[PDB]
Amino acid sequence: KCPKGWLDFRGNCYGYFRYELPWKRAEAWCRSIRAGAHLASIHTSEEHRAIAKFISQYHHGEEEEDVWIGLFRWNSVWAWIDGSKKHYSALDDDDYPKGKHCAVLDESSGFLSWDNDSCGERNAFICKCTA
């Protein structure tokens, strides 16, 4: 019983939205569009693969098509905004004092890599909710 247009994968529903919002506003929009939803957490490589395939089937702009997920940095540590425990990462985690504390799926790698972006930047986003 996933909403029309949402990905159904292993007990969860995922909604891809091309509305380009800053990270905190994207999280707020997810919570509002479906009861219990959040920016997506990703806990296995198979979940990651399914999400990338789902997004890649949509029509995109030429460039700058990164997609927010629910990973954010606070007190120097990355965590999921849905409160779930971390089990999987495709984020590089490198020597960055650049002030970029919110994660995206990177379009240039077919959403294979996660990158960190400034939380005020506008990006498309993907929501997740339990079925």
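Numbering starts at 1 and follows the sequence shown.
Averaging CA B factors per stretch from the PDB record, which one is higher: 53-61 or 69-77?
Per the deposited B-factors, the answer is 53-61.
Once you work out the mean C-alpha B-factor for both 1-9 and 121-129 from the entry, which is higher?
Between 1-9 and 121-129, it is 1-9 that shows the higher mean C-alpha B-factor.
Have a look at 27, 106, 93, 47 and flag the one whose Cα has the highest B-factor in the entry.
Largest recorded C-alpha B-factor: 93.
Pick out which of 114, 14, 19, 23 has the highest C-alpha B-factor in the PDB entry.
Highest C-alpha B-factor among the listed residues goes to 19.
Quick check for you: using the entry's CA B-factors within this chain, is residue 86 in the lowest, middle or highest third?
Ranked within chain, residue 86 CA B lands in the highest tercile.
Is residue 100 in the lowest, middle or highest third of its chain when residues are ranked by C-alpha B-factor?
Its C-alpha B-factor belongs to the middle third of this chain's values.
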